[PDB]
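What follows is one chain in structure tokens, specifically the form deposited in one PDB entry.
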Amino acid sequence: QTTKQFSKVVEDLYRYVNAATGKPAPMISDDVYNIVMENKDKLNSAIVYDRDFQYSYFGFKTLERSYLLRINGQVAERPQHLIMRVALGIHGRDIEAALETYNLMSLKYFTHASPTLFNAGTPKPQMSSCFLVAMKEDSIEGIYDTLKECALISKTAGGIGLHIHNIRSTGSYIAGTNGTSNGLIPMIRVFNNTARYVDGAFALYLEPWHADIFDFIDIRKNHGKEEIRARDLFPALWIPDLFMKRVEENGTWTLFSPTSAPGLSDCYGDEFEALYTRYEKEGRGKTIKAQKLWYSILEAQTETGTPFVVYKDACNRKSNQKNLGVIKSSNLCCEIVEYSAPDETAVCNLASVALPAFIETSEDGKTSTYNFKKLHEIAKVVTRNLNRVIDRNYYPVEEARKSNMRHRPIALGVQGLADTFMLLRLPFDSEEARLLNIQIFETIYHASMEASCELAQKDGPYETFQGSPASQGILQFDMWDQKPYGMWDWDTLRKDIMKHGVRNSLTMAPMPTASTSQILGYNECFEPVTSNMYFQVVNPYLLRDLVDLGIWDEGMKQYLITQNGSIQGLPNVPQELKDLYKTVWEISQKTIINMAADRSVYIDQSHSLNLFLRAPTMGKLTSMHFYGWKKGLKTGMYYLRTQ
């Protein structure tokens, strides 16, 4: 069904011709083709085809349906071919690095994000997952320039975070007409329609003092007038601390059109508060009860899972990019926290480490341990990969090229945190899981900064490194005013960074891993399992245990189907198992938030913290938000899932 020889497969993909039009349509770049032909024997003999069976049925089907390159509707690539295409696409002439990446990916130590898997080694290799776009100007020309830019980015793969704080609100004056602005909603409908035309995937960012806020937060509601909804876009709130204070005090909140109150989004913290309370005192806006807004926000979150919540002041106070300017948005999945401006669209290239790969029974007596030294080594590899992607990437718009080449941010993440705890017999809410969580993120952050510092000794630091927190020896945990756990030597690293610089302004942004975790067969990313039963497949670790204890029968299976993936209150199942295989609906969200806060001291950017509320009340949701906020989180909430 598929040619075996890799160079033979490369040849077919490269020579490919669209029969219907007679147009040659190479699916491999000149570059990678010439590389493969000059090295065919080394390359062909390196692939271990046994490794195609490291995938599950649903992992293979995921690859088959979307990832493996097709010739005339037929799969042309084997999984091993996809992986070697990616390796060369990243590494180019560096055959050695390519070979190392081939071996580590093929053994499932790590993977790159979907767009890298799609486009690495191909003629327009757009490998970035994330674009953060500034609304160019409060004008028809700026709106339409911004729209063109989103269209062109959406032509390729990857999401958009778009901030729109600078657009004048409903009823605002326009110079040259007697008519007024119709505000955000009509303009959002324009963007919605472009998202649909160019083959969703836009998040919109707004600060809650904007006067169109009440409609903005309701944009995904499945009822009401069809011309007030924008159903393919996601609203995200970019929330100042002052809003949270006014809500908690049960105080007032003032809504402005940005034309009546200029500059509010171009400052944060104390400067924001001073500027805000001054405009408030000067009668420039419309005052409400803060809790009236607060309540409408919880209503929309309860109904639609949105708006997302990202804390503006936490993002800005604790960003290594703070020498660039004020950060005005996150991205589609709320992990990326990078500077953007009309001339600079922040981009990011993504990869995730497979956490269970580092478990070894290695020891005396059948206990599993965690190999942190190997985690550290693989994270260095991935860091070097992501840095290469930056240089070999095709940028859809010039604003993205200019941003990426200047600041060189990258984003490492994880999958299989849940599997890891499960394999080590650690309940997600245990003291041992809490510790392992901190140690894992300490080592990945240590490793990435070390790799990046080595790159800066080879190539120079990134352009804007001088003046950064990192240039002053201030690493992420220091900006949380915490000492690191200290499994790695931070003083020596900080010494080296201050002397040599780093090659990347940012390194860590744990992402959802929605498709890539399915390819590898692990749970997802720092999140607990959502059920133990996802045509019905039972949690392999749970299955193993129930068989070993000799309790697994049809009576067991039904009790799992019927309680949808929960094993609690199953009569004859040991407590150790119930503790180990708690669903995310069964774990306290204060625990989830605690662990998010623990790991966040080692996270440069942010992370996509989904929240899961069993029996949701306004009161429970409020206390979750205020708890995350006071913990110092950047991303208070990504999606709210309920039921």
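Numbering starts at 1 and follows the sequence shown. Take the two forms, find the largest set of C-alpha atoms that superpose within 1.5 Å, and that set is the rigid core.
Only in words, not in the display: the form solved in complex with a partner chain, which the text now covers.
In summary, the region of this chain contacting the partner chain in the deposited complex, judged by heavy atoms within 4.5 Å and restricted to 491 to 499, 246 to 254, 525 to 533, 450 to 458, corresponds to 246 to 254. Among the residues 36, 593, 601, 63, the one placing a heavy atom within 4.5 Å of the partner chain in the deposited complex is 593. The listed set 323, 430, 291, 304 contains one residue whose heavy atoms approach the partner chain in the deposited complex to within 4.5 Å, identified as 291. Though the partner is left out of this view, residue 589 does reach within 4.5 Å of the partner chain in the deposited complex, counting heavy atoms only. With a 4.5 Å cutoff on heavy atoms, residue 9 does not count as touching the partner chain in the deposited complex; it lies far away. Although the partner is absent here, residue 15 sits far enough away that none of its heavy atoms falls within 4.5 Å of the partner chain in the deposited complex. Interface membership of residue 633, defined by any non-hydrogen atom within 4.5 Å of the partner chain in the deposited complex, is ruled out. Core superposition between this form and the one not shown leaves every listed residue (466, 368, 182, 568) with a C-alpha shift below 2 angstroms except 368.
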